[PDB]
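**Q** Pasting an experimental structure with its sequence.
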Amino acid sequence: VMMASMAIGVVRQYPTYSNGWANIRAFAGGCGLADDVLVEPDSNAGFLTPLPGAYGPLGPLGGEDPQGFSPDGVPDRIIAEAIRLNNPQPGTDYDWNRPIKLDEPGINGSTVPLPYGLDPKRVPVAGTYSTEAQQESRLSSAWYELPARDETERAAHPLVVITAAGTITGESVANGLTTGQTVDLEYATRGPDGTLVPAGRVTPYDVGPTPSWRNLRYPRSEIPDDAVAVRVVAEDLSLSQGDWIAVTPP
Amino acid sequence: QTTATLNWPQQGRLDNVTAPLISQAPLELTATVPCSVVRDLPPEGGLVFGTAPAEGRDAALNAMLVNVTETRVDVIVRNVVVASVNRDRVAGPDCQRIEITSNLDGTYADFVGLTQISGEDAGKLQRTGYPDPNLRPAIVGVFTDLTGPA
Amino acid sequence: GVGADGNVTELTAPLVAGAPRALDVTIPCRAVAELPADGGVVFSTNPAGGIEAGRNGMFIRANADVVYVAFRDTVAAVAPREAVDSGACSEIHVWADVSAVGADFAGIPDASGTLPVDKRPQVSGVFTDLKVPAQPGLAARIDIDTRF
Amino acid sequence: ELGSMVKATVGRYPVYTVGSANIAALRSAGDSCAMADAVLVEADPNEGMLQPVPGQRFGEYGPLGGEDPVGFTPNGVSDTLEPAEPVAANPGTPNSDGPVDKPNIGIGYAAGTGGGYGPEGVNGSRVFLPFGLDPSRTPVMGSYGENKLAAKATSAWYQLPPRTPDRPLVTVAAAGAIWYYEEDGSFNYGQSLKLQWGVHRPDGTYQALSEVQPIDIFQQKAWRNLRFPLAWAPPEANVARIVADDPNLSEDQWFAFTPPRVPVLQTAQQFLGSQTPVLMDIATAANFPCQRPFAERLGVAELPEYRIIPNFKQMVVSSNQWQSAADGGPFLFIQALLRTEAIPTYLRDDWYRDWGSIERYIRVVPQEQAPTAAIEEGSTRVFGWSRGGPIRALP
Ligand SMILES: [Ca+2]
Ligand SMILES: [Ca+2]
């Protein structure tokens, strides 16, 4: 049982990091996890262009008729990949002790502090949380361009990520398909007349904590090679006060 | 055994210094600050010196700070106010030094040249402190707010 | 009970087992126009001041633009208020039995819902908010689960 | 194991013990409530409030900071008074539904000890006063937010009623971080709050006899009741004041207080007799063998009027967990129909003892409208294998 348990993982995760493939790569001048982990130096590059049109006060992130979404619809102490408590903790980050507001409204009109060093003057927000009256919320963003049609690039950019908070539902490894309100990704195609038809949907890869600011992953292998644009479809159908969502452009 | 000693201002320049100790506390700390540097800080004053940045996390709870406000000269060691004095009295032409000794006997700040004016004594020297051996500050460097020639 | 002068009075019935085995409601429609231009909570089943009132009750509401019938916490059978209170539909049947949970509006084309049977409401009384004396179509019927 | 029970009863007598309760039940041939006779309850904790000696001058706020309040402020109290450390119940406790794979941890308050805001006061405080303390008569002074001053305060002398064996207490409500000495001599760190006696001379001025540190029952930050027995005061004292120092600059080293008071201390059997419905928890149900628990008849329950609770550590780890609303306990229809209060209560001669408490239940919707319902009983003839359906038991 032990031998098969440790021999199945080597075959399943390949060519990514396994405990017996790294010991073989170590002979040819290889590191451990330092070769299979990818880091974003500047987490501000790679934002897609929304196709022109006419939108409302939420910008292009909220589409034609956003039902129950507001720019400053986030609670007070929401931090990146953590859950801020009352009394401090040993290994906290810098953003545990910071002003609740920003004192300057962003490109969207919100005053929520953004994670990962996202400039508030470039990255809009939209949230469902409210303290006066609950509602069913919907949102369908504009069509966001996809970069190009080349495999040399997709060899190096295999992801579409969305920074989000709330009670999202998605696919995890430690706990598969924890339910909750939905944030998905629709991809469009072209036509002989010239247009963008909605055909498809991708479900995220949640790894982070429940109410924190985290990254939703969409591998570009699910999205076919004929996809032309991408948009966010978010929906919160719970009238409880502790059931909310919040998104950002892809 | 090989010893080690940290002094500051290194080369006649009042630049900050970093030296994080692994044991989080020295054996002895002796600081002598003249009373002629209080009259050089701006009215709002700041940090004459310290063993942690004034805006670091729990810098006052863990380290030793020598602050100069518009109304006070204060020596805080681990959230324990030691030898607080009014500002213009030190600014007066009678102060000579300030000696902030801290060792296994206790933390004691002296204001040589000054005598007490209130507080049940009004007749002794400004020597103030506590005989606690657990009041030794946590050293990370020496961080001041002055500049120029030392 | 004749109420204070001629109206209907609320009730209190703290069921021990939580949810009943039958929760027929049958509320009329034109007797909703009395709400003060922003309807309150017509016929909740828990008081509006409880700890988690909406998280366990039934909670028909009016919202001044859309009348809806909630459940444990989810929404069934939204309907526009100006269409309802004008007298289009007749009854607001909220049958919530075992093996059936719905919120039919009885006259509006697509204002009918259905929930899973584990969305049964917790009953601790009958708490209306109207001042209507007595209609032939205003009813309620709760069956207590006494099997032991 | 026999001497530890014979000595506990022989000593400590005529105070409270299970041995004393059983002996009284034997001598009275049955009609004697065990613990409802050794417990003194204070209903209306607003008539025993103390009054400052007329002919004194005060600071800016009122008769709670004497002349020079420094660093102490009426709105000087926190809002989240949760404890600096939880209870961390021990594993193996019988009536607790805690997972055995991790330590069971919870927090709790009595009624509003730890609440938020309320109407204004005679000092301008937006503080919620627990125990039913009227805000129009009860000033407050606190020291929250003074992390750079290390400042003190002193109050004005408060008069005292004549000595009576039925009012052997002076009580204060602090909700802070106070230093105190336990009965075995131990100590909890906290901060300094004391109280002075004194003899107000008729043809003269005050005396300032002696200082006294408080005795309490639990280490916490929420509101409480510090006690000073009148057996500590000389037979000639007539006035009392308050002294606060607070020399620590840490963030969570502060406290507040309130004017002192002398209770009236009616017993616990005259207060709630043998007809009033009462919710007795699992631990306190055997010590009150004369109270009537609320009745369930046809699937509907009648509503209780008071709730008897065990001690704090027992409460927050067994009573609030076993009788949860998500587990089917009696809280299902209590959390939705009734709001809680608190009554200050004491054992008869053990002022150091953290016995439980008593709460008052106030209806969310009054009983003039929304009365009780009729049940309209009937009967059927079901078989032995029917099982019409399951019970909704999955919260
Ligand atoms: Ca919601
Ligand atoms: Ca303090």
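**A** All right, it came through fine. Numbers count the residues shown, from 1 in each chain, chains lettered A, B, ... in the order given. Ligands and ions are numbered 1, 2, ... in the order given.
**Q** Now do the contacts for residue C:48.
**A** Residue C:48 makes contact with C:41, C:127 under the criterion Cβ atoms under 8 Å, 6 or more residues apart in numbering or on different chains. C-beta: built from backbone N, CA, C; applies to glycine.
**Q** in what helix or strand does residue B:70 lie?
**A** Assigned by DSSP states H and E, residue B:70 belongs to neither a helix nor a strand.
**Q** From ligand 1, how far out is the residue of chain C found nearest chain A?
**A** Using Cβ to the nearest Cβ, the closest approach of chain C to chain A is made by residue C:73 at 5.1 Å. If you measure residue C:73 against ligand 1 using Cβ to the ion, to the nearest Å, the figure is 9 Å.
**Q** Setting aside sequence-adjacent positions, which residue approaches residue B:144 most closely?
**A** residue B:49 (4.7 Å; Cβ to Cβ, 6 or more residues apart in numbering or on different chains).
**Q** Isn't the residue of chain C closest to chain A up against residue A:242?
**A** No: counting by Cβ atoms under 8 Å, residue C:73 does not reach residue A:242; the two are 10.5 Å apart.
**Q** Mind naming the longest helix for chain A?
**A** helix A:2-12 (DSSP state H).
**Q** that older thread, let me see the contact set for the residue of chain C closest to chain A.
**A** A:238-240, C:54-55.
**Q** let's see it at 10 Å
**A** A:134, A:237-240, A:243, C:52, C:54-57, C:59, C:119 (Cβ atoms under 10 Å, 6 or more residues apart in numbering or on different chains).
**Q** next one: phi and psi at it?
**A** Backbone geometry at residue C:73, expressed as degrees, to the nearest 10, gives phi -150, psi 0.
**Q** Any of the contacts of residue C:73 buried? List them.
**A** Listed as buried from these are A:134, A:238-239, A:243, C:54-57, C:59, C:119; burial here means 16 or more other Cβ atoms under 10 Å in any protein chain shown.
**Q** could you dump stretch D:125-138 to PDB, C-alpha only?
**A** Output of stretch D:125-138 as PDB, limited to C-alpha atoms (Å, rounded to 0.1, in the frame of the first residue of the first chain):
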ATOM      1  CA  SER D 125     -21.300  58.800  27.700                       C
ATOM      2  CA  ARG D 126     -22.500  56.800  24.700                       C
ATOM      3  CA  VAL D 127     -22.100  53.600  26.800                       C
ATOM      4  CA  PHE D 128     -24.600  50.800  27.300                       C
ATOM      5  CA  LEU D 129     -25.200  50.200  31.000                       C
ATOM      6  CA  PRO D 130     -25.700  46.500  32.000                       C
ATOM      7  CA  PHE D 131     -27.800  45.000  34.800                       C
ATOM      8  CA  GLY D 132     -30.700  47.400  34.000                       C
ATOM      9  CA  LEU D 133     -28.700  50.400  35.200                       C
ATOM     10  CA  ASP D 134     -30.600  53.600  34.200                       C
ATOM     11  CA  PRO D 135     -28.300  55.900  32.100                       C
ATOM     12  CA  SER D 136     -30.000  59.100  33.300                       C
ATOM     13  CA  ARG D 137     -28.700  58.500  36.800                       C
ATOM     14  CA  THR D 138     -25.400  56.700  36.400                       C
END
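**Q** gap between that stretch and the chain center?
**A** How far stretch D:125-138 lies from its chain's middle: 15 Å, per Cα atoms, centre = their mean, to the nearest Å.
**Q** Go through the buried ones among the contacts of residue C:73 and name the one nearest chain D.
**A** Checking those one by one against chain D (Cβ to the nearest Cβ), the nearest turns out to be residue C:56, at 7.2 Å.
**Q** and the closest one, what does it touch?
**A** C:18-19, C:45-46, C:50, C:71-73, C:120-124, D:325, D:332, D:335-336, D:395.
**Q** before we move on, what about residue D:287?
**A** By Cβ under 10 Å, 6+ apart, the contact set of residue D:287 is D:16, D:18, D:21, D:33-36, D:38-39, D:280, D:308, D:310, D:355-356.
**Q** switch to 7 Å and redo it
**A** By Cβ atoms under 7 Å, 6 or more residues apart in numbering or on different chains, the contact list for residue D:287 reads D:34-35.
**Q** any idea how far it is from chain C?
**A** Using Cβ to the nearest Cβ, to the nearest Å, one gets 25 Å for the distance from residue D:287 to chain C.
**Q** Please report how far that residue lies from ligand 1.
**A** For residue D:287, the distance to ligand 1 - Cβ to the ion - is 46 Å.
**Q** excluding its backbone neighbours, what's nearest residue 51?
**A** Picking chain A for this. Nearest residue to residue A:51, sequence neighbours excluded (Cβ to Cβ, 6+ apart): residue A:143, at 4.5 Å.
**Q** I was after chain D.
**A** residue D:159 (5.7 Å).
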